[PDB]
């Protein structure tokens, strides 16, 4: 009479990527950038004890609530990227010392002008690195003052809280930046000395001892060494680390609340993907990804994939390898990126006025799932099925189908196809309104 097919255990795919990367600043800054740029450029809507910003901006797109936070985070990464580039400048301009000032075979006017030029490039780079480092601190205050005041610095499910060590590095940055601002006259005294040399040793178309200059070269070189290769004492390293810890903190504080999974290919698509997050201590969470993915509405699964991958690299790098000194090549890092997804199912039912699908769980009653009208092909769905399941019928084959998308373990039950030959006013949704029943087909959903 009614014979079901298409049941069974739904396919589960668990995919793990092993990313062999490095802890060098430029690589980490690119990961931080992926996270902040996708957020400030595509503004996804925020999901409607919960935080202060969530009540205010729930259903109200990000960028309206976190526009200042995203701008602060973006500026921190851009300025840290400039710090990394200036530390490259700084490493390329290391002035050498004067050996035997009395001898002028080697201590030539061309050599001293070349010495003064480097002192000039080196001093100017130091000034720019420090300027940028103070601006990252300024941009951090802008980030830590708004909605995320109570959250970004705090940590104790860890979602909603910073958990990035942003407070510890702000303090080390303030102390490092202070010491470097104390040594400003000494880098001024080397800068004017270099400007007097380029001038004096220069051509005159109209016709400050060696130790003192060696003092200036030694001071510049020692300061530059700590600025480029230092950690605890470098405001360059602390500013770049604060930028990295702030983006990680930004994602931990509000990333869970971002709407993801908007349709790219076509509306109502089995794209649903679970993104796995692991905290230290092994506390694992998973974020799941019906509307079009577009700016100010949603994030496509590809967009979330790229944030999730950047986050895993950034997290592992910051948590377990640390940031490598700005002038060092950087050590290897192995990051793990895990995602999972369930397959779809298509129940079929061959018969030989209305046809429906029912589900019954162990010990629980027969619940209506979906129904279809025999001539018109009008369909009705139970609230559980609505949007996920689709009922259809092949008039010719006298078959009814149930496309099952967006499956979750809760859907595990025996699925029955049912038929009513007699007429009706109100669409039949109760089991007593159906006269013919199929054998039943077990459908099993479970996480790996």
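Positions refer to the first chain, counted from 1.
According to the record, no deposited residue between residue 265 and residue 266 is left without atomic coordinates. The entry shows a gap from residue 156 to residue 157, with 10 or more unmodelled residues of the deposited sequence in between.
Judged by mean Cα B factor in the deposited record, 267-275 ranks above the other of 267-275 and 320-328. Of the two segments, 27-35 and 64-72, the one listed with the higher mean B-factor is 64-72 (C-alpha atoms only).
The entry assigns its greatest Cα B factor, within the set 375, 231, 85, 286, to 375. The residue among 335, 201, 127, 80 whose C-alpha carries the highest B-factor in the deposited model is 201. Among the modelled residues of its chain, residue 53 has a C-alpha B-factor that falls in the highest third, as given in the PDB entry. Ranked by Cα temperature factor within the chain, residue 46 sits in the highest third according to the deposited record.
Annotation for residue 1: CA B-factor lies in the highest third of the chain's modelled residues. Ranked within its chain, residue 356 lands in the lowest third, by CA B factor from the PDB record. Sorting the modelled residues of the chain by their CA temperature factor places residue 237 in the lowest third.
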